[PDB]
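Survey of secondary and tertiary structure
Residues per chain are reported as follows:
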Amino acid sequence: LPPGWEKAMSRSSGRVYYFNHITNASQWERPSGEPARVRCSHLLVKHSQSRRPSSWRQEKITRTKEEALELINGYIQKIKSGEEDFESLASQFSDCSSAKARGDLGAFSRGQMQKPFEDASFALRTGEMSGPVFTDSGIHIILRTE
Ligand SMILES: CN(CC(N)=O)C(=O)c1nc(-c2ccccc2)[nH]c1C(=O)O
């Protein structure tokens, strides 16, 4: 299976699924399908322990890391169900200044982003969205777009 993928058994179903320990993605289908540069968007939820606990949305970020993960997990659910799209939630709720660009960060090479962010970005397939990715900025959902 490609970089980071493992087979697991589901807790509720007993059905096989696939987990990526680099992107935190999980899916039922087996993944079937490294570039010099990728383009990604993200949605960042900061918490009280973030490096800079402040954003355009809230001068003082006070939510806990656990409450930030809860928020991230709700956004992932709405995006996977198609109830909301990624761009719309990033524009409204991302604690990054890239919110005003629907979360788009542009293209980047290895060696530019925080490591856990980079590693997740380069392990995603074009079109594919990460699970929760933790960095010192806070918690991210990453969408690889190119
Ligand atoms: C850069 N930084 C402070 C830090 N020392 O991590 C942030 O917290 C931050 N980090 C990001 C970020 C993090 C990863 C990838 C792209 C952007 N955006 C912000 C922001 O405020 O707007």
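Residues numbered from 1 in each chain as written, not as in the entry; some residues may be left out. Heavy atoms only, no water.

Some thoughts on helix α2 (residues 86-93)
Three or four residues apart is the spacing at which side chains of an α-helix point the same way, because the helix has 3.6 residues per turn. Among all positions in α2, only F86, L89 and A90 are buried. Axial view of α2: buried residues confined to an arc of 100 degrees, hence all on one face. Lining the buried residues of α2 we find β4 (37-45), α1 (65-81) and β7 (138-144). (Buried < 20%, exposed > 50% of the residue type's maximum accessible area, 1.4 Å probe, protein only. Helix = DSSP H or I, 4+ residues; strand = E, 2+ residues; numbered from the N terminus. Arc of directions from axis to C-beta. Contact = heavy atoms within 4.5 Å.)

Focus on the site of the ligand
Near the ligand the following residues occur: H42, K46, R51, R52, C96, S97, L105, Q114, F117, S137 and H140. Within the side chain of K46, one N or O atom sits 2.8 Å away from an oxygen atom of the ligand. Here a nitrogen atom of the ligand sits 3.0 Å away from a polar atom, N or O, in the side chain of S137. For the shell around the ligand, the class distribution of residues is three nonpolar, five polar and three charged. (Near = heavy atom within 4 Å. Polar contact = N/O pair within 3.5 Å; in protein donor to acceptor, adjacent residues only side chain to side chain. Nonpolar A, V, L, I, M, F, W, Y, C, P; charged D, E, K, R; others polar.)

A word on α1
Over its 17 residues, α1 extends 24 Å from the first C-alpha to the last, a length consistent with the 24 Å expected when each residue adds 1.5 Å. For α1, the elements touching its buried residues are β4, α2 and β7. Where α1 ends, the next residue or the one after it, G82, has phi of about 85 degrees, a positive value. (Expected span 1.5 Å × (residues − 1).)

Examining the nonpolar core
Membership of the largest hydrophobic core comes to 14 residues, with the highest contact counts inside it found for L43, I72, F86, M129 and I141. Elements represented by at least two residues in this core include exactly β4, α1, α2 and β7. Non-local contacts of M129, meaning those with residues more than four positions away in its chain, are made with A25, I76, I79, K80, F86, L124, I141, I142 and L143. Residues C40, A120, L124 and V133 belong to the second largest nonpolar core, which totals nine residues. (Core = buried A, V, L, I, M, F, W, Y, C linked by side-chain atoms within 4.5 Å.)

Side note on the domain arrangement of the protein
The domains assigned to the protein are domain 1 (1-31) and domain 2 (37-146). Between domain 1 and domain 2, the C-alpha centre-to-centre distance is 21 Å. Taken together, the contacts link nine residues of domain 1 with 12 residues of domain 2. Contact between domain 1 and domain 2 buries roughly 680 Å² in total, counting both sides, with carbon and sulfur atoms accounting for 49%. Connecting domain 1 to domain 2 are zero salt bridges. Linking domain 1 with domain 2 are three residue pairs in polar contact, by the criterion used here. Of the residues contributing to the side of domain 1 that touches domain 2, the split by class is five nonpolar, four polar and no charged. (Domains from an automatic or database assignment. Buried area = accessible area lost by both parts, 1.4 Å probe. Salt bridge = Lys/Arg side-chain N within 4 Å of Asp/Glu carboxyl O.)

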